[PDB]
There are 4 protein chains.
Amino acid sequence: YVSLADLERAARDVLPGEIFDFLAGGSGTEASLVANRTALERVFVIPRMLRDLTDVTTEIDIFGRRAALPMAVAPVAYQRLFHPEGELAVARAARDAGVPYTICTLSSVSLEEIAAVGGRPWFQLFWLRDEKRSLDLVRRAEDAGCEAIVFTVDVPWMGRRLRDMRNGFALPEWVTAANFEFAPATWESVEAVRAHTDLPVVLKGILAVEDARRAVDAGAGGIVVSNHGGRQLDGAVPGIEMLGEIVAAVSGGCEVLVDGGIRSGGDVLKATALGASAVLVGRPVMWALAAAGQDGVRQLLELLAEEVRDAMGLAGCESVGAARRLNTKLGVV
Amino acid sequence: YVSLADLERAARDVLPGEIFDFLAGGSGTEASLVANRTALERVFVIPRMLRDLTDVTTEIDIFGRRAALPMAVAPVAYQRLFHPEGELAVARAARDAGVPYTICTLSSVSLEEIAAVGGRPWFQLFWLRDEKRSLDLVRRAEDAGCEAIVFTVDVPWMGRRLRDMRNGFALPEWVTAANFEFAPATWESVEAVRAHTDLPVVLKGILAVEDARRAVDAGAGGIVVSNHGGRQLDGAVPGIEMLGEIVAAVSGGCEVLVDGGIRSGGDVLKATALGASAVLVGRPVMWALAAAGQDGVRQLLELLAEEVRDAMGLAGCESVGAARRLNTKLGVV
Amino acid sequence: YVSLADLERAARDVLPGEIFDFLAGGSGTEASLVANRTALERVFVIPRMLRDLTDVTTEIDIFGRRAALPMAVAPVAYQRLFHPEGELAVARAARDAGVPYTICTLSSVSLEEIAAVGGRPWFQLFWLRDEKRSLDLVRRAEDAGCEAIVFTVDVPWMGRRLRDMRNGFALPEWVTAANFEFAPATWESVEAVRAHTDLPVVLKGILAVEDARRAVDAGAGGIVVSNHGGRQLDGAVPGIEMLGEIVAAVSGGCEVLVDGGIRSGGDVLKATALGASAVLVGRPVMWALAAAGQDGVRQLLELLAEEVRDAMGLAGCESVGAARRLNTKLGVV
Amino acid sequence: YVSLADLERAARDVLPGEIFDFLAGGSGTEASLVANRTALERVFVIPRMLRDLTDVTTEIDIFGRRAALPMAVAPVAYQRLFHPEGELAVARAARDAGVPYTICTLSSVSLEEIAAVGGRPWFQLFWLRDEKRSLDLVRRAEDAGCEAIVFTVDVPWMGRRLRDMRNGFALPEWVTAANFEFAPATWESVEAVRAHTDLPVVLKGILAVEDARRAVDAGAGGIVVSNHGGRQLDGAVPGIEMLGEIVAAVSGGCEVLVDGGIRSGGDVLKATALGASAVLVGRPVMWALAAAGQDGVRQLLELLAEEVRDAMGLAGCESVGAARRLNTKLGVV
Ligand SMILES: Cc1cc2nc3c(=O)[nH]c(=O)nc-3n(C[C@H](O)[C@H](O)[C@H](O)COP(=O)(O)O)c2cc1C
Ligand SMILES: Cc1cc2nc3c(=O)[nH]c(=O)nc-3n(C[C@H](O)[C@H](O)[C@H](O)COP(=O)(O)O)c2cc1C
Ligand SMILES: Cc1cc2nc3c(=O)[nH]c(=O)nc-3n(C[C@H](O)[C@H](O)[C@H](O)COP(=O)(O)O)c2cc1C
Ligand SMILES: Cc1cc2nc3c(=O)[nH]c(=O)nc-3n(C[C@H](O)[C@H](O)[C@H](O)COP(=O)(O)O)c2cc1C
């Protein structure tokens, strides 16, 4: 595999159509899904030359731990859909690559089993109709050694996924929500979680500047600037188009991550040049899992690590902080 | 049906080519027809998160009545072209959905019959060579219980519809103008109508800012920002591209509606975020009528209602007024 | 024929390939040829409503004569390439439509014969290596009753026409330059022509603002804002993209015409809304000549007249001057 | 051959696929490769008319020598891949056209042999792990009569060339680096070269404004504004998009060249109108070499010279300095 697109092709060959569509699809007309790619494609980096590259490092410190790359595996529900080892395959590969892995509330293997793999596990939270269930998930995660709570704030309910409707998609009987209904979360919910844990709370799905500022005021440790991979509001702006404005507005008050469409180390570099602390990567990790299980994910992470190092150095950046000081230019197509 | 595009496909299957072309077509090269879609596709919404969605409502008050959605059925002439029940099928479905229905001066069933269906009927007026005929239509409408007069101001004469010319299109003998020649309307005409009725007068086909302001000064109750679905001036700006400027200029002096290309609840949300009080929907209603008669229109209205509620909530809006306070970003393709 | 594109199709059917390519082609990669169309397609008009249209007139006064439309036939060399009656067919049709016809220095029928047709003939001048020949052409034109001298200033030499090179195109023996070598013209040349005639001198091929201003200072009666239909510098800006700036800079000091890509009455309206006094139309006139001779050109002029009247009225304009006060908006694709 | 694209077609016919891919390809997704063309295609020139063109000259003075055109042959490694005479064929053709030829550190014929051809040879330098080897190359070049040192500053290491990876590309045994490992160069390296030679040092691969300014401060004689033909950082801005800003910032302190995508004399004119002193041309020179050896390169240089003269004169420019005073407009597609 020499690009992440080689893994998409390999996953499409192996997965059943309806599962590939569950993975690939977005809501509505898929405008926001396509826009995540378009938005990245229009950003160009202005690289710097002639800097010292004797010790290029792709490491960052985030939520109190060193990560090997400015990247984490996004929360993706029901990974046993893609490979029989599901979440444990991905978590093992992430651990070995030094990348944080986000354990999902809708994981097909229990959060305690995945946490036992080791590494840098984070935990993603959905707010539930029964509040106490959500707060119990948080305590379970913390007790199991998760290092951050990624509170998904863009899913008062699931978006209209027309591929899934047309396919009549349903989980196979062999895939379940192993940690066991959505309720709209509010700012009250955020405070309840903040009060119930000592871990950093990261709000995932922020796009408005004022919501970023309010997240900082609310005591978030981070936000993920995200339109949920185009799966929630069809017509929501891509996160990459809001990122620079949001970075400026929080002015170092919390970590600012971005997701949606990251498909190369060069895309990681674009995101950092626009001000991101780190990115999440979703679909490509699942492509690698589907294609080749744990080894597939390992190969994908190795490929991304190589592409990030290559892009950084070609742009004159010996560290991620230097990459954040790069300038960009918007171009056409 | 899971999208409005499923209904287009179904209507194209059933209607004779020349009638489908009468419905689908625009004037000239169809540049303004295509632009209505392009203009919407470039608008992205910046959604808000973590708001109270306990009682999301899609209702509005307009022209003194509560409507179930910020939407009305646009005036479309000669609906018996599409289904034998024509206007009565559409009006019944609109009534049952709680959506206003605009009765046309060129209706293929008389305005009194359609008004007798009930619901929230509005009446669309063409100015005629014989003025007294136009003013008699207005009094007929008012006597029949219509609630607003939608004065079409963009049709001094009909545009050049090349599909209709190439097809040699003419009304079948079984379709007539049941209420029974265009004369250019002027501001004088508007005043004559304003003087002859107690109903709100809504000017449909406004695109210039100064004409919006003048409409308010003239005592209009509303305007529809519209290029007549690309059927009048070929090269006229889409209404969606003028809407925000117009909303700012009238500064709450009348209701500001928009039409042209609305094809989903997400498009309704875009229009409201740009400042619209409500939208009109034309072609899709006729697709649903052609495909499945009254039941078809009912299914379309149910689908739109679901998509509007979904988009609003995903964008953090418990009411249409909140949706009007959303911000937008122009994007590419 | 219901659009000008119907005539292109008809001309392509009848003309030999190499002659169609002589007509259609541009220089180089044809970027400027394509851009003339792109530039018009991105301009949208903001129409006005509810104005008095009792006496819509498409007439203008230009160079001391009334013209039936804000349009003239562009200078196109060697019209016998397209039809055996060549220039006389086109000039007769123009005369009968009330449109000025530009007689070319490279006409395939002598300028005195074409002038004898009557109508509103203008004369286009190429500066020649032998100056006296050019000044003798001017006196011949004036003696024959031409009403303006259209001095082409963008042809120090002919551009690189790759279609013609690839085809090995040469004039048939039956087509000659009937008035009988290019020399670069300068501002000195313009003055020599201004001194030798009482007719208005119109500089055709101006694109820079400062050259427009200098044209006024030099005593020009008009300019044509033009990239020579994409046939001269490949990469020259379209005239339509410079027009508004140029109109502002001359501030009524001379007539400002535009050409390049005008293919409908709506395009004429766009040009006038951007400030043009009138347009020239080239290729379409030759399509009509090739398809059907004099009658073809007559039908094209009738179609354009209808489309101009239609566009004007739909935009609320009872006169060309009102059309020049319309505003425009740049849109996408 | 009537355009440079005729030579691409001819080279593709003759070269083995993997060698054509070595030549054509870029790094990563090839976004920067495509963008070099897109960026040029959106620039339009505003030509001037009616200037004296009695003695149009395409000559420039650069690095103390007169060049016949504002163009040099870019450094391209391993030219024996394309034709058995390799670099000597190209250098001979360049010499005879009066164009500088850049001898590469990775030349497949020794730099002394190519310099012995005569003409205006420049020498391109890669910094090596062994510094002394790089400084010895510089002295060799100077001793052999090269006139400038073109220090490539964008290759701390080679970019990820996916075509070459997929093809398993390797040099044939019959092609070697005849002058005989990359080390990242720094500003220290530049100073070491500046101290070791009396020749002008030209930094190739500058894109950031501040790096241009620093190059002047460092005593560079020139820079080449360049993304290495899209072969280095995938997502690097095209040089043509930075050129005007860079020209303004150095404010005549060094020569500012540009490369990437120059495919015609009109493109040369665009580059000069944006402020370039001269351009480099890479791929097209190799197409001509592959197609027809020395004679091919001669024909390409003759074609470019004709197109540059044609574009200049059509734009009203009797000299390159006048071309640099042309204005431009950004257009669409
Ligand atoms: C199949 C699938 C399932 C997902 N499940 C969740 C989830 O349970 N929780 C969540 O916060 N995001 C979920 N996401 C969104 C991702 O975390 C992420 O925002 C999105 O995939 C990023 O874009 P990318 O896939 O383009 O890299 C899911 C995404 C996909 C494709
Ligand atoms: C077949 C057809 C007939 C129409 N007849 C009328 C009419 O009689 N009066 C009027 O004001 N608008 C008429 N319109 C314009 C619509 O009211 C509306 O402005 C346009 O259809 C909105 O765009 P949409 O179809 O893209 O939703 C007609 C539109 C169509 C497609
Ligand atoms: C075949 C052909 C021949 C032309 N000959 C001349 C000419 O002799 N003199 C001149 O000033 N322009 C000449 N032109 C340019 C036209 O006057 C005009 O600028 C151009 O055709 C306008 O664009 P249009 O063809 O897109 O309408 C010629 C154009 C064409 C297509
Ligand atoms: C096959 C190939 C090999 C190259 N080798 C070198 C090199 O050895 N040194 C260098 O500075 N640039 C090298 N370049 C980059 C060119 O000098 C130049 O920047 C690029 O080709 C310009 O773009 P163009 O090919 O679009 O004209 C190479 C380019 C190509 C296509």
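Chain A is the first sequence line, chain B the second, and so forth, proteins listed ahead of strands; every chain is numbered from 1. First listed ligand is number 1; within each ligand, the first listed atom is number 1. Every heavy atom of this structure was used, including side-chain atoms; hydrogens, water molecules and symmetry mates were not.
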task = Check for a donor-acceptor pair, side chain of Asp154(B) on one end and backbone N or O of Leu233(B) on the other, with a separation under 3.5 Å.
result = no
query = When you check the side-chain N and O atoms of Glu87(C) and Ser108(C), is any donor under 3.5 Å from an acceptor?
reply = yes
task = On the 0 to 90° scale, with breaks at 30° and 60°, tag the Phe182(C)-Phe126(C) ring pair as parallel, tilted or perpendicular.
result = perpendicular
key: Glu30(A) with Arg163(A): basic N within carboxylate O range, under 4.0 Å   = yes
message = Using only atom types and a distance under 3.5 Å, with no angle test, would you say the side chain of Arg161(B) pairs donor to acceptor with the backbone of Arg231(B)?
response = yes
When you pair each N or O of ligand 1 with protein N or O atoms, which pairs come out under 3.5 Å?
{"from": "ligand 1", "atom 1": "5 (N)", "to": "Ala77(A)", "atom 2": "N", "distance (Å)": "3.2"}
{"from": "ligand 1", "atom 1": "11 (O)", "to": "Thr152(A)", "atom 2": "OG1", "distance (Å)": "2.7"}
{"from": "ligand 1", "atom 1": "11 (O)", "to": "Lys204(A)", "atom 2": "NZ", "distance (Å)": "3.2"}
{"from": "ligand 1", "atom 1": "12 (N)", "to": "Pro75(A)", "atom 2": "O", "distance (Å)": "3.4"}
{"from": "ligand 1", "atom 1": "12 (N)", "to": "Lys204(A)", "atom 2": "NZ", "distance (Å)": "3.1"}
{"from": "ligand 1", "atom 1": "12 (N)", "to": "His228(A)", "atom 2": "NE2", "distance (Å)": "3.4"}
{"from": "ligand 1", "atom 1": "14 (N)", "to": "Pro75(A)", "atom 2": "O", "distance (Å)": "3.2"}
{"from": "ligand 1", "atom 1": "17 (O)", "to": "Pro75(A)", "atom 2": "O", "distance (Å)": "2.7"}
{"from": "ligand 1", "atom 1": "17 (O)", "to": "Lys204(A)", "atom 2": "NZ", "distance (Å)": "3.1"}
{"from": "ligand 1", "atom 1": "19 (O)", "to": "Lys204(A)", "atom 2": "NZ", "distance (Å)": "3.0"}
{"from": "ligand 1", "atom 1": "19 (O)", "to": "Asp259(A)", "atom 2": "OD2", "distance (Å)": "2.7"}
{"from": "ligand 1", "atom 1": "25 (O)", "to": "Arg283(A)", "atom 2": "N", "distance (Å)": "2.9"}
{"from": "ligand 1", "atom 1": "25 (O)", "to": "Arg283(A)", "atom 2": "NH1", "distance (Å)": "3.2"}
{"from": "ligand 1", "atom 1": "26 (O)", "to": "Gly261(A)", "atom 2": "N", "distance (Å)": "2.9"}
{"from": "ligand 1", "atom 1": "26 (O)", "to": "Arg263(A)", "atom 2": "NH1", "distance (Å)": "3.3"}
{"from": "ligand 1", "atom 1": "26 (O)", "to": "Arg263(A)", "atom 2": "NH2", "distance (Å)": "2.9"}
{"from": "ligand 1", "atom 1": "26 (O)", "to": "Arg283(A)", "atom 2": "NH1", "distance (Å)": "3.4"}
{"from": "ligand 1", "atom 1": "27 (O)", "to": "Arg263(A)", "atom 2": "NH1", "distance (Å)": "3.2"}
{"from": "ligand 1", "atom 1": "27 (O)", "to": "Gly282(A)", "atom 2": "N", "distance (Å)": "2.9"}

message = Any salt bridge linking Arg37(C) with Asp267(C)? Criterion: basic side-chain nitrogen under 4.0 Å from a carboxylate oxygen.
response = yes
